[PDB]
Structure formats: structure tokens, C-alpha cells
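Below, each chain spelled out in residue letters.
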Amino acid sequence: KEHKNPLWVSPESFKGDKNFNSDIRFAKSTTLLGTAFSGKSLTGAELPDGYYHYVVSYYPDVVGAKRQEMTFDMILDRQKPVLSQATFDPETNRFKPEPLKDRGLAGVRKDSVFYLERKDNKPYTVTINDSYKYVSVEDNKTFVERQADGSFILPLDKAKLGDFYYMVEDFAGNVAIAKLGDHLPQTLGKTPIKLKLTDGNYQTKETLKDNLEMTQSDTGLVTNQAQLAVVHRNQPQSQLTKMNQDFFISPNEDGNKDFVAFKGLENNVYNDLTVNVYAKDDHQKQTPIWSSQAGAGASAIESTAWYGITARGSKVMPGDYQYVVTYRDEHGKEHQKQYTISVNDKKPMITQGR
Ligand SMILES: [Ca+2]
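Method-wise, the PDB entry is recorded as coming from X-ray crystallography, at a reported resolution of 3.085 Å.

In the annotation of the PDB entry, the protein is listed under the name Chemokine protease C and assigned to Streptococcus pyogenes.

Put into C-alpha cells, the structure is as follows:
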């Protein structure tokens, strides 16, 4: 409560004018996305789920003025709500979950039940925005009203019983969805039944496609690759590629060569793996610009992916850097693999042709 021990501080500071808005061309508010907190601490470590204080602090531009702050209470919750049991009354079509309960602190914010209206013999919809050159896909979710006692009269008219989904959302955006498919072979019509729900582990993102199978003739470095668009503004399909040539990265999340990572031979042991990044002028490797966290493994690439950042979070300057890898095998000190990556985020210069 004293704000003495800070777990993270934004690397940039900001200064600006009052939102005085004398005419339209003067904004009435200012969004400062540089103050973004993503649950990672001052060294890149991940702070655990819990209660936090998100504190914004600033100074009037008057000398001798006390620093002002403003505190938002704020939860970290990475835990989906729980789906335990439900009751289905085949005599009313009445679907009634057990308790609403969340894992973590955010708490359950909403119950819902939906089936997928099949339209065009597909269950989703692709909408193309021809003016901003952007395509979006969205399910054809069609929902079932929630009665006041928290139950749902399932319209078995419109979708098979097992083709409904029960969805529970907590604040902070954890979602648990369960299709009613942990069912009973020949039980409708008869007595009410208690039904088991398990979250179907649906997701929004699916991470990079590995499929690489390292040889020893490889440096061990890997990076990403993606075909960068010319007209559209969707996110292109990116895949991993071995480096062993051209130790450079473009850290701009463009999809392409945005990070250096290390992957071991798939059957060698790298127990207690650590990646450190030092600068070109630190020829003794004392002071790391960036470091991996605990639990770094040579098979989880995100544990070793240096994205041209300092640990604190900000982007390194263009120039040469040292990416030093250390591990111990079935016998140890079989480490210190020294790569020298340079950065350069300047798009090249197309000269006119003949
Ligand atoms: Ca939760």
C-alpha cells in the first residue's frame, strides 16, 4: 500500500500538453500506449496471478511541484472459469449449470449458451472489408436467452442437443467453452440428467509451426519468416527457419526475422539452459543487455527468442550484439556457443531500374 517496491516500470516517460481543445484539431484526450503493462516484471519475469496496483505518475510543469499519482486496482487472472456440472430436464428442455465459479480472482462475469447456425453449409462467416483491405472470420454463434434463474431453454428445434455449447466468461477475458458431448448414448425423454462439462480448449491464437528436426551442421539458431503483404493488412502466415546464415533480425513483429532463438539437436540434453545478450563493446561479457528467465529449455523456442529487446522491454539500438548460449550436457560446461547478431530495422532502398 506504500508503493515502495515496484515490480515493473514503463521504460519510456511521457510529457505533453493539456487537452485544451480550442477547436477540433486539438484532441480532448490522449492515449499513451507506451504505458502498457503485460504482466511481465522489471526483468522480463512473469508476475503471478494476484492483486496489483497499476500506478500512473506524473509532474505538473511547475518547479518544486509534488509528483502526482493515480492508482487503479487491478487483477492478474490467467485461469479460465470452472465448468463442473449441469442439469438437463428433457421435459422442458431446461438447461441449468451448477454454481458460477471462476479460477483466480477476476470472477465469473457472464453465462451463455449458443449453437452454430449453419449458413452456406459452413458454420462461420468471412467478411471482407474492401476499403481497408482486411478480412475477418467470425463464428455463426446464435445464443439462447438466459432465464432469470440462470437456466436456458435449449431450442432442440434448431440444433441437436449435443450441438450446443456452454460458455463461461470471467472478467480479464478468460473464456471456457464446452460442447455438450460428454453425453449419454440413449438418455433423452426420461428423467432429468446431470451432464458433465469439460472445456474444449478452444483458443484464438495458434503459435508458430515448428517441424524442423535439427542437424549438427546447423548453428542451432532459428528465426521466423513470413511473406510480407503489399495490398492487404491481415497477418500473413509465418513459419520457423534455421539461420546458420545471415545473423540479422528485423525486430518489428512484421512476421519476418524478428527474433533469434536457439534449438538443440532433439536428442541431446541441454539441462539448465541460459541465453544472454551482451553488447558489441562489452568484450568480457559481464553485463547482459537481455537474459532468458528460469526454465529456459532448448526445445521451447519462446524461452530463448531474443526479439531485439532489452530485458526491461525496450528495443535495442541498431548495431552488433552478442548472443551467448550456455548449457550442461550429460557432462557439463559443454557450452558457450557465441553468435554475433546485428539489428538494422531500416527497410532497404529500391533504386530505379533500366
Ligand atoms: Ca479466472
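Student: In this structure, what is going on with the pattern of salt bridges? I would like to understand it.
Tutor: When the charged atoms of two side chains lie near each other, side chains of opposite charge can form a pair. Throughout the structure, instances matching the rule amount to eleven salt bridges. Salt-bridge contacts for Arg-78 lead to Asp-49; the nearest nitrogen and oxygen are separated by 2.7 Å. Here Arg-78, found in the loop between β2 (68-76) and β3 (81-82), pairs with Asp-49, found in the segment before β1 (50-58); they are 29 residues apart in sequence, far enough to count as distant. Looking at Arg-78, the relative accessible area reads 39%, which means it is partly exposed. For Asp-49, a relative accessible area of 26% translates into the label partly exposed.

Student: Got a minute to help me understand the packing of aromatic side chains in this structure?
Tutor: Each aromatic ring pair is described using two quantities: the centre-to-centre distance and the angle formed by the ring planes. One pass over the full model with this rule turns up 15 aromatic pairs. Between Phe-259 and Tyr-307 the ring centres are 4.8 Å apart and the planes differ by 35°, which places this aromatic pair in the tilted class. Placement of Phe-259 in the loop between β16 (238-242) and β17 (261-262) and of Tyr-307 in the loop between β19 (290-291) and β20 (320-328) is noted, with a sequence separation of 48 residues between them. A residue is classified by how much of its surface remains accessible, and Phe-259, at 3% relative accessible area, is buried. Classification of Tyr-307 by relative accessible area gives partly exposed; the value is 28%. Centre to centre, the rings of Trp-306 and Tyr-321 are 5.5 Å apart; their planes meet at 55°, and the pair counts as tilted. On the criterion of sequence distance, the pair formed by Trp-306 in the loop between β19 and β20 and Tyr-321 in strand β20 is long-range, its members being 15 residues apart. Residues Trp-306 and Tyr-321 agree in their burial class; the two are buried. Put simply, the rings of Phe-247, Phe-262, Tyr-270, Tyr-323 and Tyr-339 touch in pairs and so form one group of aromatic residues.

Student: Whenever I open this one, a nonpolar patch on the surface confuses me. Can you help?
Tutor: There is a patch of nonpolar side chains on the surface, built from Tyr-124, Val-126, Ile-128, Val-135 and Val-137 and spanning about 440 Å² of accessible area. At the level of elements, β8 (124-129) and β9 (134-139) are the ones that each hand at least two residues to the nonpolar patch. Ranked by residue count, the leading element in the nonpolar patch is β8, at three residues. Along the chain, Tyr-124 turns up in strand β8.

The rules we used
Residues numbered from 1 in each chain as written, not as in the entry; some residues may be left out. Part of a larger assembly, values for the part shown. Heavy atoms only, no water. Residues with missing side-chain atoms left out of burial classes, pairs and counts. Salt bridge = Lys/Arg side-chain N within 4 Å of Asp/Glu carboxyl O. Helix = DSSP H or I, 4+ residues; strand = E, 2+ residues; numbered from the N terminus. Buried < 20%, exposed > 50% of the residue type's maximum accessible area, 1.4 Å probe, protein only. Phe/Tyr/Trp six-rings, centres within 6.5 Å; stacked < 30°, edge-to-face > 60°. Patch = residues over 30% accessible without salt bridge, like charges linked within 9 Å, V, L, I, M, F, W, Y side chains within 5 Å. Areas by Shrake-Rupley, 256 points an atom, 1.4 Å probe, with all protein chains shown as cover.

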